[PDB]
Structures are given as structure tokens and as C-alpha cells.
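Participant: Structure file coords_5.tsv, TSV, N, CA and C atoms, is pasted below:
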```
chain	number	residue	atom	x	y	z
A	8	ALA	N	-15.07	0.99	35.56
A	8	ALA	CA	-15.34	1.36	36.94
A	8	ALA	C	-14.60	2.64	37.32
A	9	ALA	N	-14.10	2.71	38.55
A	9	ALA	CA	-13.50	3.95	39.03
A	9	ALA	C	-12.06	3.80	39.49
A	10	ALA	N	-11.74	2.73	40.23
A	10	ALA	CA	-10.41	2.54	40.85
A	10	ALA	C	-10.17	3.74	41.76
A	11	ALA	N	-9.02	4.41	41.67
A	11	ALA	CA	-8.85	5.67	42.38
A	11	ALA	C	-9.80	6.71	41.81
A	12	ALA	N	-10.32	7.56	42.69
A	12	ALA	CA	-11.40	8.46	42.30
A	12	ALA	C	-11.00	9.34	41.12
A	13	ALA	N	-11.85	9.37	40.10
A	13	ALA	CA	-11.58	10.18	38.92
A	13	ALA	C	-11.54	11.66	39.27
A	14	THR	N	-12.47	12.10	40.11
A	14	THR	CA	-12.44	13.48	40.58
A	14	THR	C	-11.17	13.76	41.36
A	15	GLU	N	-10.77	12.83	42.23
A	15	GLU	CA	-9.53	13.00	42.98
A	15	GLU	C	-8.32	12.99	42.05
A	16	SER	N	-8.34	12.12	41.04
A	16	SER	CA	-7.23	12.09	40.08
A	16	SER	C	-7.12	13.42	39.34
A	17	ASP	N	-8.26	13.97	38.91
A	17	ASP	CA	-8.24	15.24	38.19
A	17	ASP	C	-7.81	16.38	39.11
A	18	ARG	N	-8.24	16.35	40.37
A	18	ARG	CA	-7.78	17.35	41.34
A	18	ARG	C	-6.27	17.26	41.54
A	19	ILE	N	-5.74	16.05	41.68
A	19	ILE	CA	-4.31	15.88	41.87
A	19	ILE	C	-3.56	16.36	40.64
A	20	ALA	N	-4.12	16.14	39.45
A	20	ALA	CA	-3.53	16.68	38.23
A	20	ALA	C	-3.54	18.21	38.25
A	21	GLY	N	-4.65	18.80	38.70
A	21	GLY	CA	-4.75	20.25	38.70
A	21	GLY	C	-3.80	20.92	39.67
A	22	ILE	N	-3.71	20.39	40.89
A	22	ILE	CA	-2.95	21.04	41.95
A	22	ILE	C	-1.45	21.06	41.66
A	23	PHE	N	-0.96	20.10	40.89
A	23	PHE	CA	0.48	19.99	40.64
A	23	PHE	C	0.84	20.69	39.33
A	24	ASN	N	0.29	21.90	39.18
A	24	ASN	CA	0.63	22.84	38.11
A	24	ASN	C	0.10	22.44	36.73
A	25	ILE	N	-0.52	21.26	36.61
A	25	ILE	CA	-1.13	20.92	35.32
A	25	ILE	C	-2.56	21.43	35.27
A	26	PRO	N	-2.91	22.32	34.33
A	26	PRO	CA	-4.32	22.73	34.18
A	26	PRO	C	-5.08	21.84	33.20
A	27	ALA	N	-5.06	20.53	33.47
A	27	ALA	CA	-5.78	19.59	32.63
A	27	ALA	C	-7.26	19.60	32.98
A	28	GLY	N	-8.09	20.12	32.07
A	28	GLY	CA	-9.52	20.16	32.33
A	28	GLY	C	-10.13	18.78	32.43
A	29	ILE	N	-9.78	17.90	31.49
A	29	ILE	CA	-10.31	16.54	31.47
A	29	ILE	C	-9.13	15.58	31.33
A	30	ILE	N	-8.97	14.69	32.30
A	30	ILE	CA	-7.96	13.64	32.24
A	30	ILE	C	-8.56	12.47	31.46
A	31	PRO	N	-7.93	12.01	30.38
A	31	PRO	CA	-8.53	10.93	29.58
A	31	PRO	C	-8.62	9.64	30.38
A	32	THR	N	-9.78	9.00	30.30
A	32	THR	CA	-10.03	7.70	30.93
A	32	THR	C	-10.61	6.79	29.86
A	33	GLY	N	-9.74	6.17	29.07
A	33	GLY	CA	-10.17	5.36	27.94
A	33	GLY	C	-9.07	5.14	26.93
A	34	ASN	N	-9.45	5.05	25.65
A	34	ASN	CA	-8.50	4.75	24.58
A	34	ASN	C	-7.96	6.05	24.00
A	35	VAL	N	-6.64	6.14	23.87
A	35	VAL	CA	-5.97	7.31	23.33
A	35	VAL	C	-5.14	6.86	22.13
A	36	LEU	N	-5.34	7.52	20.98
A	36	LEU	CA	-4.62	7.20	19.75
A	36	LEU	C	-3.83	8.43	19.30
A	37	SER	N	-2.52	8.40	19.51
A	37	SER	CA	-1.65	9.48	19.06
A	37	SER	C	-1.09	9.17	17.67
A	38	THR	N	-0.30	10.11	17.15
A	38	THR	CA	0.23	10.03	15.79
A	38	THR	C	1.71	9.65	15.83
A	39	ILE	N	2.08	8.60	15.10
A	39	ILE	CA	3.49	8.23	14.98
A	39	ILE	C	4.22	9.36	14.27
A	40	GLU	N	5.50	9.53	14.59
A	40	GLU	CA	6.30	10.61	14.02
A	40	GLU	C	7.21	10.06	12.93
A	41	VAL	N	7.14	10.68	11.75
A	41	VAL	CA	8.04	10.38	10.64
A	41	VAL	C	8.94	11.59	10.43
A	42	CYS	N	10.24	11.39	10.60
A	42	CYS	CA	11.20	12.48	10.52
A	42	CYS	C	12.05	12.30	9.27
A	43	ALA	N	12.07	13.33	8.41
A	43	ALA	CA	12.85	13.25	7.15
A	43	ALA	C	14.05	14.20	7.22
A	44	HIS	N	15.20	13.76	6.71
A	44	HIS	CA	16.41	14.64	6.67
A	44	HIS	C	16.87	14.79	5.22
A	45	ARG	N	16.84	16.03	4.72
A	45	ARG	CA	17.20	16.31	3.31
A	45	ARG	C	18.42	17.25	3.27
B	58	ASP	N	-1.97	-30.79	-72.17
B	58	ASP	CA	-1.18	-31.53	-71.20
B	58	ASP	C	-1.94	-31.62	-69.89
B	59	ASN	N	-1.93	-32.80	-69.28
B	59	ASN	CA	-2.49	-32.93	-67.95
B	59	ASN	C	-1.71	-32.13	-66.92
B	60	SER	N	-0.47	-31.74	-67.23
B	60	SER	CA	0.27	-30.84	-66.36
B	60	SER	C	-0.42	-29.50	-66.20
B	61	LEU	N	-1.30	-29.14	-67.13
B	61	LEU	CA	-2.12	-27.95	-66.96
B	61	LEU	C	-3.07	-28.09	-65.78
B	62	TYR	N	-3.23	-29.29	-65.25
B	62	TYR	CA	-4.20	-29.60	-64.21
B	62	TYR	C	-3.44	-29.96	-62.94
B	63	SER	N	-3.10	-28.95	-62.15
B	63	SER	CA	-2.36	-29.15	-60.91
B	63	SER	C	-3.05	-28.40	-59.79
B	64	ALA	N	-3.07	-29.01	-58.60
B	64	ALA	CA	-3.77	-28.38	-57.49
B	64	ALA	C	-3.08	-28.52	-56.14
B	65	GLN	N	-1.83	-28.97	-56.08
B	65	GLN	CA	-1.17	-29.15	-54.79
B	65	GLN	C	-0.97	-27.80	-54.13
B	66	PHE	N	-1.33	-27.70	-52.86
B	66	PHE	CA	-1.20	-26.45	-52.11
B	66	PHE	C	-1.31	-26.76	-50.63
B	67	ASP	N	-0.91	-25.79	-49.82
B	67	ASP	CA	-1.05	-25.87	-48.37
B	67	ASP	C	-1.58	-24.54	-47.85
B	68	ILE	N	-2.33	-24.60	-46.75
B	68	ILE	CA	-2.96	-23.42	-46.18
B	68	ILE	C	-2.66	-23.35	-44.69
B	69	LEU	N	-2.69	-22.13	-44.16
B	69	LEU	CA	-2.53	-21.91	-42.73
B	69	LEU	C	-3.84	-22.16	-42.01
B	70	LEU	N	-3.76	-22.80	-40.85
B	70	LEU	CA	-4.94	-23.22	-40.12
B	70	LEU	C	-5.35	-22.25	-39.02
B	71	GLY	N	-4.58	-21.19	-38.80
B	71	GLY	CA	-4.90	-20.26	-37.74
B	71	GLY	C	-4.02	-20.47	-36.53
B	72	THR	N	-3.82	-19.42	-35.73
B	72	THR	CA	-2.98	-19.50	-34.55
B	72	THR	C	-3.63	-18.70	-33.43
B	73	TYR	N	-3.31	-19.08	-32.20
B	73	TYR	CA	-3.82	-18.40	-31.01
B	73	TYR	C	-2.65	-17.76	-30.27
B	74	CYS	N	-2.94	-16.65	-29.61
B	74	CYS	CA	-1.94	-15.91	-28.86
B	74	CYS	C	-2.25	-16.01	-27.38
B	75	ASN	N	-1.21	-15.93	-26.57
B	75	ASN	CA	-1.32	-16.05	-25.13
B	75	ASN	C	-1.44	-14.67	-24.50
B	76	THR	N	-2.46	-14.50	-23.66
B	76	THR	CA	-2.61	-13.28	-22.89
B	76	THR	C	-1.95	-13.47	-21.54
B	77	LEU	N	-1.38	-12.39	-21.01
B	77	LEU	CA	-0.72	-12.45	-19.72
B	77	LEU	C	-1.74	-12.21	-18.61
B	78	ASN	N	-1.83	-13.15	-17.67
B	78	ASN	CA	-2.71	-12.98	-16.53
B	78	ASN	C	-2.13	-11.93	-15.60
B	79	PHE	N	-2.76	-10.77	-15.56
B	79	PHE	CA	-2.21	-9.65	-14.81
B	79	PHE	C	-2.31	-9.91	-13.32
B	80	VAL	N	-1.42	-9.28	-12.57
B	80	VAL	CA	-1.42	-9.36	-11.12
B	80	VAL	C	-1.70	-7.97	-10.56
B	81	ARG	N	-2.77	-7.86	-9.79
B	81	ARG	CA	-3.07	-6.64	-9.06
B	81	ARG	C	-2.62	-6.83	-7.63
B	82	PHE	N	-1.73	-5.94	-7.18
B	82	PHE	CA	-0.97	-6.19	-5.96
B	82	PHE	C	-1.87	-6.38	-4.75
B	83	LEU	N	-2.85	-5.50	-4.57
B	83	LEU	CA	-3.61	-5.49	-3.33
B	83	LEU	C	-4.50	-6.72	-3.18
B	84	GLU	N	-4.66	-7.51	-4.23
B	84	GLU	CA	-5.53	-8.67	-4.20
B	84	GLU	C	-4.77	-9.97	-4.00
B	85	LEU	N	-3.50	-9.90	-3.64
B	85	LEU	CA	-2.77	-11.08	-3.20
B	85	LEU	C	-2.73	-11.12	-1.68
B	86	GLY	N	-2.29	-12.26	-1.15
B	86	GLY	CA	-2.24	-12.41	0.30
B	86	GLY	C	-1.36	-11.39	0.98
B	87	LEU	N	-0.20	-11.10	0.39
B	87	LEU	CA	0.77	-10.20	1.01
B	87	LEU	C	0.26	-8.78	1.17
B	88	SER	N	-0.92	-8.46	0.64
B	88	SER	CA	-1.37	-7.07	0.65
B	88	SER	C	-1.51	-6.55	2.07
B	89	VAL	N	-2.25	-7.26	2.91
B	89	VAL	CA	-2.46	-6.78	4.27
B	89	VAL	C	-1.17	-6.81	5.07
B	90	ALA	N	-0.25	-7.72	4.75
B	90	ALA	CA	1.02	-7.76	5.47
B	90	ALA	C	1.81	-6.47	5.26
B	91	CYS	N	1.58	-5.78	4.15
B	91	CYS	CA	2.36	-4.61	3.81
B	91	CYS	C	1.47	-3.38	3.74
B	92	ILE	N	1.91	-2.32	4.39
B	92	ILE	CA	1.26	-1.03	4.28
B	92	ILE	C	2.03	-0.21	3.25
B	93	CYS	N	1.48	-0.16	2.04
B	93	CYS	CA	2.10	0.55	0.93
B	93	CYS	C	1.63	1.99	0.95
B	94	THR	N	2.57	2.92	1.06
B	94	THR	CA	2.25	4.32	1.31
B	94	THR	C	2.83	5.19	0.21
B	95	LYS	N	1.98	6.02	-0.38
B	95	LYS	CA	2.39	6.88	-1.47
B	95	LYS	C	3.32	7.98	-0.98
B	96	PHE	N	4.46	8.13	-1.67
B	96	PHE	CA	5.27	9.33	-1.52
B	96	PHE	C	6.27	9.43	-2.67
B	97	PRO	N	5.84	9.91	-3.84
B	97	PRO	CA	6.74	9.91	-5.00
B	97	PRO	C	8.09	10.57	-4.76
B	98	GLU	N	8.12	11.68	-4.03
B	98	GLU	CA	9.36	12.41	-3.82
B	98	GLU	C	10.22	11.66	-2.80
B	99	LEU	N	11.18	10.91	-3.31
B	99	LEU	CA	12.15	10.24	-2.46
B	99	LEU	C	13.59	10.33	-2.96
B	100	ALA	N	13.81	10.76	-4.20
B	100	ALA	CA	15.18	10.89	-4.69
B	100	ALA	C	15.98	11.93	-3.94
B	101	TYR	N	15.34	13.00	-3.47
B	101	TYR	CA	16.02	14.05	-2.74
B	101	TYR	C	16.10	13.75	-1.25
B	102	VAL	N	15.75	12.54	-0.85
B	102	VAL	CA	15.79	12.12	0.54
B	102	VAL	C	17.14	11.46	0.80
B	103	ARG	N	17.89	12.01	1.75
B	103	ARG	CA	19.15	11.38	2.13
B	103	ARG	C	18.90	10.23	3.11
B	104	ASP	N	18.39	10.55	4.30
B	104	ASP	CA	18.27	9.59	5.39
B	104	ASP	C	17.04	9.95	6.21
B	105	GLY	N	16.02	9.08	6.17
B	105	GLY	CA	14.85	9.25	7.01
B	105	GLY	C	14.90	8.38	8.25
B	106	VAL	N	14.26	8.86	9.31
B	106	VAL	CA	14.25	8.17	10.60
B	106	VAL	C	12.84	8.25	11.17
B	107	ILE	N	12.47	7.25	11.96
B	107	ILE	CA	11.14	7.14	12.55
B	107	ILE	C	11.24	7.31	14.06
```
Show me the file's structure as C-alpha cells.

Facilitator:
Amino acid sequence: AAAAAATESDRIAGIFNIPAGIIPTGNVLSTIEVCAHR
Amino acid sequence: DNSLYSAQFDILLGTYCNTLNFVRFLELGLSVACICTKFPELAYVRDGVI
């Protein structure tokens, strides 16, 4: 559905210095970080 | 001499050898429990962190 307006959410994102063209509305899969010290 | 007529002997009947039933790791239950990840170079690793 919509909950708070998606257009309004994207506008609020834009006005507060974030130039996010598309705010994700769904499943997001990021990459786990593996840090090695040699 | 009847001693010229001798036939006592014994023979081998054959033998069988045991083969080892091999285990392929990914085909046991524990396979999905573990994520096995290739990285041969680890001797030069001091301390890794996630």
C-alpha cells in the first residue's frame, strides 16, 4: 500500500539535502563486510 | 616304492579386500548448516574481523 505518501516521503528526502531520486520501497540486500588485517 | 606316490598338498582359496566407503562432504546433513568458503591464502593472515 502507501502508508505515508511515497511522493511526500521522496519530497521530504529531497528537501533535506539528500538528492535521492528514488527512495527504495521494498526489499534491500546489501553486502556484508569482511575485513582482513595482514 | 609306494613312497614315489605322494599327493598331500594345500592350496589358497582366494581373498577379498575391503574398499573404503568415501564421504563427500556436501552430501551429509551438516552441509547446509555450514557455509564452506574457498580462500586458500590464509597463512599470511594475522587477524580477520567481520

Participant: Do me a favour and pick out the residues of chain A within 7 Å of chain B, using only C-alpha atoms, as an MDAnalysis selection string.

Facilitator: chainID A and resid 40:45

Participant: Restricting it to N, CA and C atoms, dump the selection as a compact mmCIF listing (two decimals), keeping the file's coordinate frame.

Facilitator:
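Wrote selection_35.txt, looks like this:
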```
# COMPACT_ATOMS: atom_id res chain seq x y z
N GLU A 40 5.50 9.53 14.59
CA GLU A 40 6.30 10.61 14.02
C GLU A 40 7.21 10.06 12.93
N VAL A 41 7.14 10.68 11.75
CA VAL A 41 8.04 10.38 10.64
C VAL A 41 8.94 11.59 10.43
N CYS A 42 10.24 11.39 10.60
CA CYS A 42 11.20 12.48 10.52
C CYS A 42 12.05 12.30 9.27
N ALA A 43 12.07 13.33 8.41
CA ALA A 43 12.85 13.25 7.15
C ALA A 43 14.05 14.20 7.22
N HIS A 44 15.20 13.76 6.71
CA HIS A 44 16.41 14.64 6.67
C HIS A 44 16.87 14.79 5.22
N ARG A 45 16.84 16.03 4.72
CA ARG A 45 17.20 16.31 3.31
C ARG A 45 18.42 17.25 3.27
```

Participant: Would you compute the distance between CA of residue 33 (chain A) and CA of residue 13 (chain A)? Give it in Å to one decimal.

Facilitator: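 Separation of CA of residue 33 (chain A) and CA of residue 13 (chain A): 12.1 Å.
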
Participant: So which bits of chain A end up alpha helix (DSSP H) when you DSSP the backbone, as a PyMOL selection string?

Facilitator: chain A and resi 13-22

Participant: Using Å and a single decimal, report how far CA of residue 92 (chain B) sits from CA of residue 79 (chain B).

Facilitator: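 Pair CA of residue 79 (chain B) / CA of residue 92 (chain B) returns 21.2 Å.
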
Participant: Atom N of residue 17 (chain A) and CA of residue 32 (chain A) are how many Å apart?

Facilitator: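 Answer for the atom N of residue 17 (chain A) to CA of residue 32 (chain A) separation: 10.3 Å.
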